[PDB]
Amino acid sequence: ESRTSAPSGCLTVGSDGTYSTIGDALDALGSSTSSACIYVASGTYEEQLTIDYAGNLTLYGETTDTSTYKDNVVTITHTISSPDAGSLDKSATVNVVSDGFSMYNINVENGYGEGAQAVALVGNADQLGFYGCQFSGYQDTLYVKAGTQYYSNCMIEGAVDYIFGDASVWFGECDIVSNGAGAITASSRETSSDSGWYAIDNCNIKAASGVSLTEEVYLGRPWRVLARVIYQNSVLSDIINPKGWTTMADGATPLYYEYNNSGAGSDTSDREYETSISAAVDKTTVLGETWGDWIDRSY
């Protein structure tokens, strides 16, 4: 589909919309538990946002093709590092603390670059759905901090611990793009009672254009001792180091898996830190039996 005007009932942001900034539209929602939506027209929005609406909010970006991130014309951008901001969450261009939030066809970036942690988006709530979005940074791009989260047909870019936190998260049909040497995932799962997983499913892992990273990228390292990550049914380019995974938390016992991957980076004969698994995991395992209630099935 093309989305070139506000869907039914949505507030409008843009040069010729009701609100000039995304922040103004978010403010306009006020305190309400009713479902709401905002349509953002083309532009670069130099804003830092906290999404804490009490109801179920959907944010839609303008695009000629909703099925991909490649035609997005809405960018939310801000630049600050976590040391300067005072925390990881405070460094985030977008901070999602609203259950049931969905975002479609929006790019989010932190422009800090290499040298310190600088979050593009933090997801810190349950039933978060992201469709056709881009998330760009270098160190700590996507803070999947907590809660059940689903990313479909998104582009996640960075170099160092750029998908990190303790969310239970499913990445489906995403392009995961390294722009520097480092580990892609850094899960902070830390207790046996934690039922969470990262599942990277039918994704494409590759270098950013113009950057040479052959064997310089790791699938992950353990931010805490019980990090659990599976890459399944995915394409892994020659960026993946033969060891596959690397170290971080002392005394870590990560649960790291691969199942039915392909590509130049998928040979498992020299891997370290892995566990055997005989089948791919499903979304019921990662997101709970109720995933069908909140995931948008058109992706």
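Sequential numbering from 1, following the sequence displayed.
For the two regions 61-69 and 25-33, the entry's Cα B-factors average higher over 25-33. Legend: mean Cα B-factor per stretch from the PDB entry, 160-168 versus 76-84; the higher mean is in 76-84.
Across 178, 214, 188, 107, the greatest Cα temperature factor reported in the deposited entry is at 214. Across the residues 111, 220, 123, 210, the deposited record lists the maximum Cα B factor for 210.
Among the modelled residues of its chain, residue 252 has a C-alpha B-factor that falls in the lowest third according to the deposited record.
Placement of the Cα temperature factor of residue 264 within the chain: highest third of the modelled residues, per the deposited record. Sorting the modelled residues of the chain by their CA temperature factor places residue 54 in the highest third. Per-chain ranking of the deposited C-alpha B factor places residue 148 in the middle third. Per the deposited record, the Cα B-factor of residue 93 falls in the lowest third when ranked against the other modelled residues of its chain.
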